[PDB]
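Structure record follows, encoded as structure tokens.
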Amino acid sequence: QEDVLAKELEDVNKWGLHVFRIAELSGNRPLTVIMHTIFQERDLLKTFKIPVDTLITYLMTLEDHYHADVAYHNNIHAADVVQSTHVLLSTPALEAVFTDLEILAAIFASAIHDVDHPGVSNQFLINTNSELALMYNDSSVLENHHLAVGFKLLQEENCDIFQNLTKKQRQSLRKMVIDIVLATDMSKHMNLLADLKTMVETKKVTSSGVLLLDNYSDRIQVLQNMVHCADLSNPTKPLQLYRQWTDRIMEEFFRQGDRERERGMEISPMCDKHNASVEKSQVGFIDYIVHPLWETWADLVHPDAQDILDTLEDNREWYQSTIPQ
Amino acid sequence: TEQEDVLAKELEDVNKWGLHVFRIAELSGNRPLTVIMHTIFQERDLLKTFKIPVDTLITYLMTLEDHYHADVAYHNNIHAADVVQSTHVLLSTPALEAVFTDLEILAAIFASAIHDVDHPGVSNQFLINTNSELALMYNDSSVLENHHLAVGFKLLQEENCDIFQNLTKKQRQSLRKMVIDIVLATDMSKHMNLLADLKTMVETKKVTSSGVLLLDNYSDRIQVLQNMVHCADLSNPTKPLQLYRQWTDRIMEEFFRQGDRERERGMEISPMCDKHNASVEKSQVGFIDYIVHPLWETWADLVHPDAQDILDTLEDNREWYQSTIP
Ligand SMILES: CCOc1cc([C@@H](CS(C)(=O)=O)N2C(=O)c3cccc(NC(C)=O)c3C2=O)ccc1OC
Ligand SMILES: CCOc1cc([C@@H](CS(C)(=O)=O)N2C(=O)c3cccc(NC(C)=O)c3C2=O)ccc1OC
Ligand SMILES: [Mg+2]
Ligand SMILES: [Mg+2]
Ligand SMILES: [Mg+2]
Ligand SMILES: [Zn+2]
Ligand SMILES: [Zn+2]
């Protein structure tokens, strides 16, 4: 009787789910149990006639293709982005904006968006003349690979969770998922944020402040920025969670810097364990990337993101206080 | 090697629009891409400039040429050789004299050589609609063109194939980026935006005191090279009619073989791919009117009047195909 796990999963609609605890309690299956919970919570198995055993088989297969020896880009991160997207989809300002297929696409994209990540950056893969960068012509190398793996796994035995979608539903979902995962490439962050800003400046809402998004171009942009916000949500979580994410990304960066040092490569910024300032890097990350993004998101869904933005600002203040004068 | 004498004579035409490329394919033992690339590299002194060992060049070209499908009617080594030679002529246009660097010239020619390698003879849309491994690998986005680049670059790593072994690291990095930008621009889903941008450049074009195009940033330079190789890829209707008609015969065979695969699957046969219900001549007139002439009249504007004879041939060939309809 793993009662504690079911207790933890009752917070699946809350920012700040104890995802490391869930990873522990589920036998390192946070992506499987959290995806399954969210699918039940959104009635997605009945809406898209997904057989429960096919869902569980695909989810375990997918989760198996996240590397257990990568400190950050692993199945716990995938589960975290899934659950974060699931909460952002319920923003009151986005009520009635997205179809069931759009909701399914955003959640599936979040689950697969880093699958088979090797724990090094696109630039490292390009600079080492990797087989991945040769395959993908140096362009969104990892993100194209995550998509290819995520979709390829649906072809394994009893893994096609979309088997009862119509032909046209499958084509539409595939296009949306590709557009969403490719937008998680940080080389696209600035263009994405500029478009989110444009939308905020021209946003149409109801009298009760709910966004009105009529064309696909605008809806997919909001979905791209939503999953991007979820991918960049660690500094907006309660500090005890955030500090664990910082420990993990820094371990991954340092392992990349050790591969670089050994090859005699230039050690990438923040990747040198002998010359790193973890706390200054987090404050810079918040000041130049995370807070501009989440402040713009909060304007789009004004005022529903205020608690999230409050947490980010508290955490920035705390990390800054750990830097001595 | 009377045959070798005849081949050498034919290769004296490598600077001319209308080279007898099908004859060269036969005379060279089905090595048109190898012999035309080698001729062009010698003509432009590229082996000396980039310290390319001649045996490495031939080894790579032969391997690249082998990775074109000898059993595909249109997208084979003869098409690659033709696009290479057509780009080589376009690079020599008076309006571009001394404009491009040796590395940019190398990039345009190499891109043309690899730009369709390992083409299976079916379209991107067919590969997407049939859930192919290629479309799965490339997320339905420029599926073939990404594959052609990955193959063309990967083959440089085979034994004695690295023709760029003596470039600097900065040269190799620059060449790789330019080649990717050029081959990705041969995806027809990019044609309309590529043409729109070329028109904008023509409308705003600056010429130097010597009368050549002024291109003073990467964006403009790569855009011209992208459209140049796209024009070469879309050059069949601008060639002498006896060449053009052979290219039409070949693309229609390839289309019909695709539509037969779509028939043997219950799919809606793609337009122009139904050998039981095609109009070859109407399709060429449509191709020229909606794609090839809008492109080439704009290229002709950019380099005016350098390409006037090419444009005149295109317009004559359009009239000829039109005359076969009534
Ligand atoms: C101080 C950075 O902190 C974090 C960074 C990240 C991730 C998000 S991503 C979607 O994987 O790119 N991230 C960046 O945003 C980023 C920008 C530039 C370079 C860079 N990588 C290297 C190897 O240089 C990264 C990087 O890996 C996640 C969590 C973090 O802190 C908890
Ligand atoms: C009447 C068309 O004639 C020709 C077409 C082509 C080629 C050039 S490409 C760079 O390979 O795309 N081409 C198109 O431009 C085109 C547009 C849309 C669909 C299409 N394919 C299918 C299966 O529908 C094609 C197509 O294969 C080359 C030579 C041709 O005539 C000599
Ligand atoms: Mg990622
Ligand atoms: Mg072959
Ligand atoms: Mg092509
Ligand atoms: Zn991620
Ligand atoms: Zn071609």
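To find a chain, count down the sequence lines: A is the first, B the second, and so on, and within it residues start at 1. Each ligand, and each atom within it, is numbered from 1 in the order the structure gives.
The N, O or S atom of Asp116(B) lying closest to the Zn ion (ligand 7) is OD2. For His79(B), the N/O/S atom at the shortest distance from the Zn ion (ligand 7) is named NE2.
A cation-pi arrangement is found for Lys239(B) relative to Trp17(B), the charged atom lying closer than 6.0 Å to the ring centre and inside a 45° cone about the ring normal.
Distance from atom 28 (C) of ligand 2 to its nearest protein heavy atom, with residue and atom name: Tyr74(B) OH, 3.8 Å. At the top of the distance list for atom 29 (C) of ligand 2, counting protein heavy atoms only, stands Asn236(B) OD1, 3.7 Å.
For an aromatic pair to be called close, the ring centres must be under 6.0 Å apart, and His67(B) with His148(B) fails this. The distance between the ring centers of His67(A) and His117(A) does not fall below 6.0 angstrom. Ring-centre distance between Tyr74(B) and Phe255(B): not below the 6.0 Å cut-off.
Among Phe255(B), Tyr244(B), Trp247(B), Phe287(B), the residue whose heavy atom lies closest to atom 15 (O) of ligand 2 is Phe287(B). Of all the listed residues (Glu254(B), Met188(B), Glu262(B)), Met188(B) holds the heavy atom that lies closest to atom 12 (O) of ligand 2.
With ligand atoms numbered from 1 in the order given, ligand 2 contributes 1 (C), 2 (C), 3 (O), 31 (O), 32 (C) to contacts under 4.0 Å with heavy atoms of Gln284(B). Residue-ligand proximity, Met272(B) to ligand 2, at heavy-atom distances under 4.0 Å covers atoms 1 (C), 24 (O). Those atoms of ligand 2 with a heavy atom of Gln258(B) less than 4.0 angstrom away are 23 (C). Against a heavy-atom cut-off of under 4.0 Å, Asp233(B) is close to the following atoms of ligand 2: 10 (C).
Put simply, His119(B) stays out of reach of the Zn ion (ligand 7), with no N, O or S atom under 2.8 Å from it. Among the atoms of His115(B), an N, O or S atom falls under 2.8 Å from the Zn ion (ligand 7).
The closest approach between a heavy atom of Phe126(B) and any atom of ligand 2 is not below 4.0 Å. Using a 4.0 angstrom heavy-atom cutoff, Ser270(B) does not count as in contact with ligand 2. Under a 4.0 angstrom heavy-atom cut-off, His75(B) registers as being in contact with ligand 2.
Closest of all the heavy-atom pairs between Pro237(B) and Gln284(B) is CG-OE1, 4.4 Å.
The residue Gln125(B) has no part lying near ligand 2, judged by heavy-atom distances below 4.0 Å.
Taking a 6.0 Å sphere around NZ of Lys175(A), one finds it holds 12 or fewer heavy atoms contributed by other residues, nucleotides or ligands. By the neighbour-count criterion of 12 heavy atoms within 6.0 Å, atom CE of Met186(A) is densely surrounded, having more than that number from other residues, nucleotides or ligands. Surrounding CE of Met176(A) are more than 12 heavy atoms belonging to other residues, nucleotides or ligands, all under 6.0 Å away.
On a distance-only criterion, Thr248(B) and ligand 2 share no N/O pair closer than 3.5 Å.
The closest donor-acceptor contact from the side chain of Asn137(A) to the backbone of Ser139(A) lies at 3.5 Å or more, if one exists at all. Formation of a donor-acceptor pair under 3.5 Å by the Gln83(A) side chain with backbone atoms of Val12(A) is found in this model.
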